[PDB]
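S.K.: Mind looking over this structure? Questions follow.
Please treat every number below as a calculation from the coordinates, not as lab data. Ideal geometry is used to build each Cβ from the backbone, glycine not excepted, and the neighbour counts take in all protein chains shown.
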Amino acid sequence: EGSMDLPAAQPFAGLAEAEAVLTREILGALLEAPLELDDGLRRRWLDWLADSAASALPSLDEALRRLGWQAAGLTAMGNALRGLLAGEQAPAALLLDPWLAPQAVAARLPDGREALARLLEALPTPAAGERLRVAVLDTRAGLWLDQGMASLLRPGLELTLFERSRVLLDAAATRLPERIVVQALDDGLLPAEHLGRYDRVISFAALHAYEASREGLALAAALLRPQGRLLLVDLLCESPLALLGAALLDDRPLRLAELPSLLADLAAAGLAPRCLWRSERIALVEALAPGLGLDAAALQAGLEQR
């Protein structure tokens, strides 16, 4: 059911150039103190200069006028990244920071704010006067939702935050407002009493950070209320800043998807999509789930039956 006709007009290569100049600026921050990296990444930071900036991608400080973070936000990035690496606090301190966490940087720089704002919509709940139930799967430390928080919150809304961690969700529950419910995929695993619960489920700039899209999509499909809507965005291009802000993990870039590949995976997940905005930078997608015939009460009946 894999429909796509994507509006690719709000994207332009000047967003990538803007990020590549932001790469020039944050390279120009950490390359004054790259000794706190490992040597494999310290060489790769010289290669990340080579693969961006005045080497491969020369462009104006107009970048910082595009990106929505000025040189003051970038100063917080450069300084926090030095403080992180001096203490050897990688990976976790990369995630525990809005200026560095791969999705939280995505949530402004590759126009993932505009993606976050559209993904914050498709939630008719206060206008419907209706209990619209939502999960986030890509939560981690949550510091991307922070950037939409003031209208991710809506009347009628029910919202719950998920990830494969206790620590990063205790972090999220702290720094995002405590009126949002928080639920780990505790030790990598969903409590089944949530199944069929959420009229919507959210992924954001971390679908690559599942071991396949087939992991996250299939968790979402049944965590969704039957015929609910997946709400999704991801990095498809690895951002020139994510060449720093994700590869600091020294995890594989081979994680990232192409949009037709995602639509095929999403069709394998049986969801029926529309891809909608921010494209190769950050592709917004929504998709209708099937009638699974599956909810926590249906599973309870699956006991009572047998």
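S.K.: Put a dot 7 Å past each Cα toward the Cβ at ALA192 and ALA264; how far apart are the dots in nm?
M.R.: So the label points at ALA264 and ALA192 sit 3.3 nm apart.
S.K.: Residues with beta-carbon under 9 Å from that of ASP250, excluding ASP250: net charge, scoring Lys, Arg +1 and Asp, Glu -1?
M.R.: Neighbour charge sum, excluding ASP250 itself: 0.
S.K.: Moving to a separate point now. Would you pull out the residues with amide H under 5 Å of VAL201's amide H, same chain only if 5 or more places away, H placed 1.01 Å from N?
M.R.: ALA135, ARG229, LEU230, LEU231
S.K.: What GluC sites (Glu not before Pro) does region 19-70 have in DSSP loop regions with at most 14 other beta carbons within 10 Å?
M.R.: Working: sites: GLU19, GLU25, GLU32, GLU36, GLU62; in loops: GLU32.
When the GluC sites (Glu not before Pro) of region 19-70 are filtered for loop state and at most 14 Cβ neighbours within 10 Å, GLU32 remain.
S.K.: Same structure, new question: Quick one: which residues, 5+ away or cross-chain, put their amide H under 5 Å from the amide H of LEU159? H built at 1.01 Å from N.
M.R.: Correct list: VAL134, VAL181.
S.K.: Ok, one more. I want to make sure I understand the PRE zone here: with the label point 7 angstrom from the Cα of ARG42 toward its beta carbon, which residues in region 221-256 have backbone N atoms less than 18 Å away?
M.R.: Inside the label zone: 248-250.
S.K.: Just check region 91-192 against the gyration tensor rule for me: Cα atoms, a ≥ b ≥ c as the square roots of the eigenvalues, rounded for a/c under 1.5, and otherwise prolate or oblate depending on whether a/b exceeds b/c. If you can, show how the numbers build up before the last one.
M.R.: Values: a/c = 2.08, a/b = 1.20, b/c = 1.74.
Note, shape of region 91-192 comes out oblate.
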